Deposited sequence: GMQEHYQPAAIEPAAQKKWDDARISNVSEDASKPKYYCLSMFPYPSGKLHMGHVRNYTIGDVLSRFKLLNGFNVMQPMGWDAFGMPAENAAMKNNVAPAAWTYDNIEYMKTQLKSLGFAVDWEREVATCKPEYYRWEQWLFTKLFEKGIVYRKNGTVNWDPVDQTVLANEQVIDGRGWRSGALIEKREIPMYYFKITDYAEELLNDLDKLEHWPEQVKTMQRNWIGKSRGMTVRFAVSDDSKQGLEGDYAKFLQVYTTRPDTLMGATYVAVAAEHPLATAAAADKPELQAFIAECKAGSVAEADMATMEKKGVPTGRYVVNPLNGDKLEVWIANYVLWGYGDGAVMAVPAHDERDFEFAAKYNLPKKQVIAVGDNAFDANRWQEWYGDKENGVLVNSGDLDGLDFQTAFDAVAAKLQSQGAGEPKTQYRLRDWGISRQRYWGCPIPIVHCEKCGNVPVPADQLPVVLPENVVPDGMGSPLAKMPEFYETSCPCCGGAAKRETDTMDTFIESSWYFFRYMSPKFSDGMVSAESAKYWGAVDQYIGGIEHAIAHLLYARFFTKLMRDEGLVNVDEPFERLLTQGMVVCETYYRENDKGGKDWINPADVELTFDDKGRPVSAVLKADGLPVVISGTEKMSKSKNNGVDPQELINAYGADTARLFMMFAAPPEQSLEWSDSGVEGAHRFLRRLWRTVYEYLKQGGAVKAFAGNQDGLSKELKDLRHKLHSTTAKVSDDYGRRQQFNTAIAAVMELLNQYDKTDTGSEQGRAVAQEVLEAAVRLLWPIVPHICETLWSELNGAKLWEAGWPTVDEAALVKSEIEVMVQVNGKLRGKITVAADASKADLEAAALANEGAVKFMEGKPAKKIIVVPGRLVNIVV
């Protein structure tokens, strides 16, 4: 054993030892329990930096821990290669997106290999390769013929800087997710996934996820935004039906989220384009001028119609008003009004002298009918509501439902803030949409045998429009239904399509007959442990659950949920500079910020490895903070981690130098001195603590600190006697195994100096319970 700790000697040798043994190349082996640990794969939008390294080191620690515990561990890595991240970085450097992506991938592979992650590289995927994206094209066509994917014109989010439409989940505070530019509204046909068909299942199945952070589930619940409401039909008065036809001559229908206030409705509003408004305006120029002023176009305005509808629950004849705040096409185009319990209706009734019937009371408060007081749903009881008096909200809801159901005048209706997922992008670098437009047959999907629709890679966009719409050699084709002249779709799929199913592709990444093979899907099931940032809560983490249910319903998988456990690691943060983002190693001082290529404050892992070794980089990331807490970059933290590794190396070197290796102490410890019994007590207490920290608490910094304390007590114990050396051997053999998930290169090397067996076959250290009993 050499005296000096030299990471450049031992880390390549350890990595070759692990690669040769193929311990990370796993098959569907039915003898060991499976463990699927996955970190969110990166965009090839530049060099990885230490923030990514923290993400992936956390995954490796958990993978290596489960490996030593006898699991068949799949930890796969790959490249989220399509979409704006890679393309925007390529265009900034005048490089074609394809060439830029593949070169970035190869540098990112060398970075990760230098860090010694226990990755099954034989499962590597690159999402921009046709062997990958053909299968999402296949799924697209299958869902298109079912109507789960559809094309429709509509109002969309337009990003004027990235020059593409964006999904709702990609609009962050009204700004594009990559550009930061203020979003605009346009009318543009897009392709949609009917994710609202799965809104209820997406919402309810969150309750299954006992091992997700509550915050992620809460954000998804609010994004889905379910509201249980009530459809209510008001019978049109017999004297108020002139000019109307069909249902509009019979009833006026509205949707409301407060049917407990239905007994308090004092008037009703309709949109200017509602058939009741147009029928009432036919005989009166009073309303036509208001409908014209409304159809032209915020402050609330309204006019009475003289038409009346009948409240189904008490028979009150409410007057119909035309109001500029009632949007047509939004629902029924009509609403009821409860001013005493809705602030908007209170203002409308105050501005136009409309009654205010109180129907809810909160505790012991009075009702001043001319001053709005702060609409409580949770704390409230009904008054002036017939047999509804005394009922709280949820009981009044179901009671009103039963009442309306008995007369055919209404029924419960659930709505969601979630809208359908718009996936069309006016971008070159993305999965081609497998549609051909035929003048005779319409928008037709490409046959399965003709898939993939191959994206040409010989393209350098100029930044002025969709490049594919500019290439007749791409879009001119034949219709697959009739053989006439036709045009391929030239929009591509948003990059989140690829990340919504890549975790299944890892299970069988060379499978040529489908997205994922039935045998491998049945073996691996779902991801046991997922690690990635909280920024994915409303988009990827929601999209992925949706795709999983889609693929399940197509018969491709048999799980309901893609990810069992989710760890959202904290951000690595670092100082930033701008002028034009500079890097600290090389103006303005924009202050401490998340490490990101977008701010050019990333620390390259390869440079730290070249100066200090991969084990140092890994150790600092796991020791500096609990994994969910943000971690501030620090040179002294790097140096402190390196000194500990020198201490570990020096500790074993000095032990071996004074006698060499002996057999570790084991068995009954009666006869050991008290100092050595205390050391064994600390040793096995530390094994229990580390085991619990890796497994149950997932707190790796305190695991490292526990091992440091064991070494502290070791240093203060005289271990030079024969029994001392056996206990020293035991301490050091446990210590390097406990730390191997964190710093495997130095622990593998030290293990081989201590013991001739293979570390991963000696397994995880066991707790000797007899060592934990205190002496009398």
query	finding
Deposited-sequence ranges lacking C-alpha coordinates, in sequence order	1, 299-307, 385-386, 592-598, 606-627, 818-877
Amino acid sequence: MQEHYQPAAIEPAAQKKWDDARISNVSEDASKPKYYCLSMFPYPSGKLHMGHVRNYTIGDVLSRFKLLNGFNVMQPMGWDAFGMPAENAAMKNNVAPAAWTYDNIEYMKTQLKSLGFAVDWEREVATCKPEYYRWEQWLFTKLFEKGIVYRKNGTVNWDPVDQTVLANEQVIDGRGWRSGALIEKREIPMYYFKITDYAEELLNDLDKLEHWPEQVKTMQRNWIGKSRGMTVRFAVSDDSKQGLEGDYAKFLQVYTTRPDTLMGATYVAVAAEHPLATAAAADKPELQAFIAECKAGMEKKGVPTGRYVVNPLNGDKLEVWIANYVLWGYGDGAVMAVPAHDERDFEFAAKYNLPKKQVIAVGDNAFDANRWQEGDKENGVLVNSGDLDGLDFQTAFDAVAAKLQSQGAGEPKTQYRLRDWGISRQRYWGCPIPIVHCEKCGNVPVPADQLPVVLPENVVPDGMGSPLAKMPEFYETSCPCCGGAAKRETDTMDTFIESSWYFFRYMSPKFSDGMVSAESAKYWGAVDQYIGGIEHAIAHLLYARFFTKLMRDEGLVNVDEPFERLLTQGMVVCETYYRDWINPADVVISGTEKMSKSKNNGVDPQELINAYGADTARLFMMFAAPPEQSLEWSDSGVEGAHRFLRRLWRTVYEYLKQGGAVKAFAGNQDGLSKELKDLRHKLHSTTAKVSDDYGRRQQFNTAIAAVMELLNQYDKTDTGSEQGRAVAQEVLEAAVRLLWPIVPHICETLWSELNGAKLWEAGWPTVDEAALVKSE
From here on, numbers count along this sequence of modelled residues.
{"property": "Segment of higher mean CA temperature factor, 377-385 or 491-499", "result": "377-385"}
{"property": "Given 616-624 and 357-365, the range whose Cα B-factors average higher in the PDB entry", "result": "357-365"}
{"property": "Residue with maximal Cα B-factor (values as given in the PDB entry) among 543, 325, 212, 79", "result": "325"}
{"property": "Deposited CA B-factor, highest of 442, 297, 660, 509", "result": "297"}
{"property": "Chain third (lowest, middle, highest) by recorded CA B-factor, residue given as residue 182", "result": "middle"}
{"property": "Third of the chain, ranked by Cα B-factor, where residue 92 sits", "result": "highest"}
{"property": "Chain-relative CA temperature factor third for residue 256", "result": "highest"}
{"property": "Modelled-residue ranking by C-alpha temperature factor, third containing residue 102", "result": "middle"}
{"property": "Chain thirds of CA B-factor: placement of residue 26", "result": "middle"}
